[PDB]
Amino acid sequence: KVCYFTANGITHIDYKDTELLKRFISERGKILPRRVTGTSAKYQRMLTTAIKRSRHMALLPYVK
Amino acid sequence: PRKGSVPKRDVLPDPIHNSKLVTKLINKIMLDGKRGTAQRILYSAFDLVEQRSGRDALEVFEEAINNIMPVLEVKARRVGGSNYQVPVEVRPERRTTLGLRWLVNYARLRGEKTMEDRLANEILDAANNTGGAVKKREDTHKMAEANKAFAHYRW
Amino acid sequence: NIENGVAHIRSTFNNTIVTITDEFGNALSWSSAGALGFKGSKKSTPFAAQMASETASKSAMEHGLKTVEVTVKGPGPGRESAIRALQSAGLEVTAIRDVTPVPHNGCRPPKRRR
RNA sequence: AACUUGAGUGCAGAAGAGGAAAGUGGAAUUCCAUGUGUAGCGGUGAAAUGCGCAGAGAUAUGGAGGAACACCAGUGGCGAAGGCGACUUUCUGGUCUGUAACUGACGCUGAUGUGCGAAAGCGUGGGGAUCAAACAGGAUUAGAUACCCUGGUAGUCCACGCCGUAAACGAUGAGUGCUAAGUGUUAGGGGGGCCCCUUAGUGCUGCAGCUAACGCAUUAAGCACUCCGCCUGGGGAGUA
C-alpha cells in the first residue's frame with residue numbers, strides 16, 4: 001500500500017509535526033513496522049529519526 | 001487397547017433376587033471355576049444379613065455397594081523425574097467393578113469362621129460406613145482430594 | 001479503606017505471588033502459592049494460583065475492599081486462573097494491565113541452560 | 001606527433017549503523033534509605049545449597065552508580081577487511097547517478113616494505129551495574145575436578161600503549177572484456193498512480209558451458225588476457 005510520503009508529496013518529515021507522527025506510533029509509542037504502514041524504505045528512516053527526536057523533546061511518549 | 005473398544009461379556013439376572021450385580025458377585029467369589037460354592041456363599045450371606053439388620057437382603061446390599069463404589073480415582077501421568085498422579089473421575093461401569101472387588105477382597109482378609117459369615121459381616125459393615133471395603137474408597141478419595149493440582153493433566 | 005486497592009500478581013514458572021495493596025502502594029495482605037503448602041510443580045499450577053489469589057482476597061475484605069486493579073508481572077501459567085479467582089470472590093476487577101518489565105536493552109541476560 | 005572510450009578532474013544531484021570527539025535522553029538491572037507488609041523467597045526432573053524471620057520476597061517513593069541502546073529492523077544500508085544500530089552538534093573518509101566542461105593512457109597487479117586488523121590476553125591509571133572463566137559449595141552418577149542449581153574473582157567498560165592471532169569463510173586473490181533468460185529489493189536517471197527503458201549494488205531460480213560429484217552459472221566455480229600468493233602422499237610436526 002501507498003506511502004503517504006510519496007503520495008502527498010512530503011519531502012521533509014518534521015519532528016515538530018507531532019500530529020503527523022502519531023499515525024505511526026501505535027499504542028505504546030512503538031514505531032510501527034513499514035509493512036504495516038506501507039511507507040517506503042526511504043521514508044521509514046527519516047520518520048524514525050523524527051519520532052526519536054520528538055521523544056527526546058517530550059513531544060511523543062517513549063512508552064504508553 | 002489401540003484399536004477402538006472391546007465389547008464386554010454380559011451377565012444374566014440373579015436366579016433369586018433378579019440382580020445382575022448379585023450374579024457378578026458370585027463371579028468374584030468363584031475360585032477355580034467352582035460355581036456351586038460361590039452361589040452358596042452369597043445366598044448363605046444374603047439370607048444372613050437379613051437376620052442381622054432386619055431389612056431386605058437386596059436392600060442392604062444396594063446400600064452397601066453405594067458405600068464402596070469410588071467416585072474419583074487417581075491415574076498416573078509422567079513428566080520426568082516426577083510421576084504425576086492425575087485424579088480421574090471413575091466411569092460408572094468401573095465403579096461397580098471396584099465396589100464388588102473391594103467387598104470380596106476385604107471380606108477374605110477378615111475372619112471369624114468361614115467365608116459366608118465374613119461376607120455377611122462385611123456387607124453389613126459397608127452399609128454402616130465401616131470396614132476395609134469403605135476404608136479403601138476413603139483412601140481412594142483422599143488421594144484424589146490431595147492431587148487436585150494435577151487435575152488439568154488429564155491427557 | 002473502602003475500595004481502590006490494586007492487586008499485583010507475579011505469575012512465573014514457579015509460585016504465583018499475589019499481593020493486595022492500597023492505591024498508594026501500601027501492602028494490606030499477600031498470599032503466594034508457596035504459602036499454601038504447595039510443593040514444587042504444584043506451585044506453578046492454575047489450581048494453586050486459584051487458592052493463592054482468593055486466600056489474599058479474603059484478607060482484603062476485612063479492610064473493606066470493593067475495587068481491585070490487577071497488575072500482572074510475569075509470564076507464568078497461573079495468570080488467568082488468578083484473575084478469575086478474584087472475581088469468584090467478588091472483588092470487582094476493573095483493569096487488566098500487564099507490567100512485565102521490558103528492558104530497552106542495557107543488561108546482559110543470564111546465560112541460558114544447556 | 002594525434003585521439004578519447006580507460007583512468008582521473010570539473011558541474012548538477014543521491015543514499016548510507018563509514019570513522020573520531022564532545023554532549024543529551026528513556027526503559028531496564030543492581031545497591032542504598034524509608035512507608036506498608038508477613039513466613040516464606042528462590043530453584044529443579046526431583047532436590048538441596050542459598051537468601052529470611054535481626055523482617056526477607058512483594059509493593060510505593062526517592063537516591064547512587066555502571067553498562068547497553070526495545071519498537072524502527074529487513075537475504076536492509078555502509079566500510080578494504082575486522083566490523084558499524086538511542087538522539088544532537090563539530091571535524092572527516094569513501095561510494096553511486098546524470099552531464100560531457102577539462103588532461104589525453106596519467107592504467108593493472110604488486111615481492112620486500114609500511115599500516116589497519118574480532119574476541120581473548122598483558123602493562124599503567126581509572127571504573128565496576130549485569131553476566132561471568134577460574135573458586136566455593138549443593139545435587140546426578142558406580143565415580144562427575146562436567147552438563148543442573150546457588151554464589152562468585154579476573155575479565156567484560158574507559159584512556160593510553162602492547163599483542164597481531166580466528167571456521168579473520170563466499171572455506172572462492174586483484175584488474176579487464178565476452179557469453180540465454182525469469183523474477184525480486186536498495187539507491188538514482190530518462191521517457192510514455194501504472195508501463196517501458198536504463199546505471200550501480202544486493203537476493204532466489206535457471207540456459208549454454210564447467211565439475212569427480214555436490215554444485216556454479218552476467219555477484220561463475222564458463223570463455224579469454226596481465227600480475228601476485230600458495231601446493232606436490234599421511235604421520236613425525238607447525239615439532240625441533
Side-chain angles (χ1 to χ4, degrees), chain A residues 1-6 10-64, chain B residues 80, chain C residues 5-27 30-34 40-41 43-46 48-49 52-53 56 68-83 86 93-114:
Chain A
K1 32 165 195 51
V2 71
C3 180
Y4 186 153
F5 291 111
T6 83
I10 300 122
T11 43
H12 159 14
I13 305 168
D14 201 308
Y15 80 102
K16 309 151 100 40
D17 192 354
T18 286
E19 229 47 43
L20 178 47
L21 301 167
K22 299 167 100 34
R23 303 170 29 51
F24 309 96
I25 84 158
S26 99
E27 313 100 47
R28 305 326 173 106
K30 268 210 198 38
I31 315 164
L32 279 179
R34 71 177 205 112
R35 42 148 204 267
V36 153
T37 88
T39 189
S40 60
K42 204 182 121 157
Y43 289 99
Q44 180 67 30
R45 286 179 310 242
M46 38 165 32
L47 153 78
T48 306
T49 293
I51 283 177
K52 286 163 163 178
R53 284 152 156 213
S54 307
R55 281 161 165 197
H56 184 269
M57 281 331 267
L59 304 169
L60 271 182
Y62 279 95
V63 314
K64 219 167 37 161
Chain C
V6 302
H8 312 260
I9 313 193
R10 297 213 53 158
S11 60
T12 63
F13 296 104
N14 296 100
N15 55 35
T16 287
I17 294 173
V18 194
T19 172
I20 288 179
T21 86
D22 71 353
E23 208 298 276
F24 317 130
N26 279 297
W30 63 262
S31 156
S32 78
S41 180
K43 263 189 264 174
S44 60
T45 54
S53 303
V68 86
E69 285 52 43
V70 182
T71 305
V72 277
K73 187 165 134 208
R79 181 189 66 197
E80 283 328 311
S81 45
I83 305 158
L86 296 138
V93 169
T94 58
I96 297 298
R97 85 184 51 264
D98 192 86
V99 81
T100 314
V102 172
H104 298 202
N105 311 347
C107 199
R108 175 159 183 111
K111 353 170 113 30
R112 258 43 113 258
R113 310 173 71 181
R114 150 218 296 121

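Excluded from the calculations below are hydrogen atoms, water molecules and symmetry mates; all remaining heavy atoms, backbone and side chain alike, are included. Below, read A as the first sequence line, B as the second, and so on, with proteins coming before strands; counting in each chain starts at 1.
- For the atom pair C:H8 NE2 and C:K73 NZ, the distance stands at 9.5 Å (nearest 0.5 Å).
- In this structure, OG1 on A:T37 lies 5.5 Å from NZ on A:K1, to the nearest 0.5 angstrom.
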Between A:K22 and A:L60, does a side chain to side chain contact (heavy atoms under 4.5 Å, CB included) hold up when you go through it step by step?
-> CA-CA 8 Å; A:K22 299 167 100 34; A:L60 271 182; 3.9 Å; yes
Show your reasoning for whether side chain to side chain contact (heavy atoms under 4.5 Å, CB included) applies to C:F24 and C:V6.
-> CA-CA 9 Å; C:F24 317 130; C:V6 302; over 6 Å; no
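- In this structure, the side chain of C:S31 engages the main chain of C:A52 through a donor-acceptor pair within 3.5 Å.
- With hydrogens and angles disregarded, a donor-acceptor distance shorter than 3.5 Å links the side chain of C:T94 to the backbone of C:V68.
- Heavy atoms from other residues, nucleotides or ligands lying under 6.0 Å from CZ of A:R55 number more than 12.
- Rounding to the nearest 0.5 Å places CG of A:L32 at 7.5 Å from CD of A:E27.
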Step by step, would you call C:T12 with C:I17 a side chain to side chain contact (heavy atoms under 4.5 Å, CB included)?
-> CA-CA 9 Å; C:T12 63; C:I17 294 173; over 6 Å; no
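- When every heavy atom of C:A56 is checked against every heavy atom of C:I20, the shortest pair comes out as O-CD1, 3.5 Å.
- In terms of heavy-atom proximity, A:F24 sits nearest to A:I51 at O-CD1, 4.3 Å.
- Nearest heavy-atom pair across A:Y15 and A:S54 is O-OG, 2.7 Å.
- Taking CD1 of A:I25 as the start and NZ of A:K30 as the end, the distance is 10.5 Å to the nearest 0.5 Å.
- Heavy-atom minimum distance, C:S81 versus C:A49: OG-CB, 3.8 Å.
- When atom types are taken as modelled, the side chain of C:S53 and the backbone of C:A82 share a donor-acceptor pair closer than 3.5 angstrom.
- There is no side-chain donor-acceptor pair under 3.5 Å between A:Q44 and A:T39.
- The backbone N or O of C:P110 sits less than 3.5 Å from a side-chain atom of C:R112, completing a donor-acceptor pair.
- Here A:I13 contributes atom CD1 and A:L47 contributes atom CG; the two are 5.0 Å apart, rounded to the nearest 0.5 Å.
- Judged purely by atom type and a 3.5 angstrom limit, C:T45 has no side-chain atom pairing as donor or acceptor with the backbone of C:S41.
- Within the model, atoms OG1 of A:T11 and NZ of A:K42 stand 8.5 Å from one another, a figure rounded to the nearest 0.5 Å.
- Counted by atom type alone, C:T100 and C:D98 present one or more donor-acceptor pairs between their side chains at under 3.5 Å.
- Among all heavy-atom pairs drawn from C:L86 and C:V70, the shortest one is CD1-CG2, 4.1 Å.
- For the residue pair A:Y4 and A:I10, the shortest heavy atom distance occurs at O-CD1, 3.3 Å.
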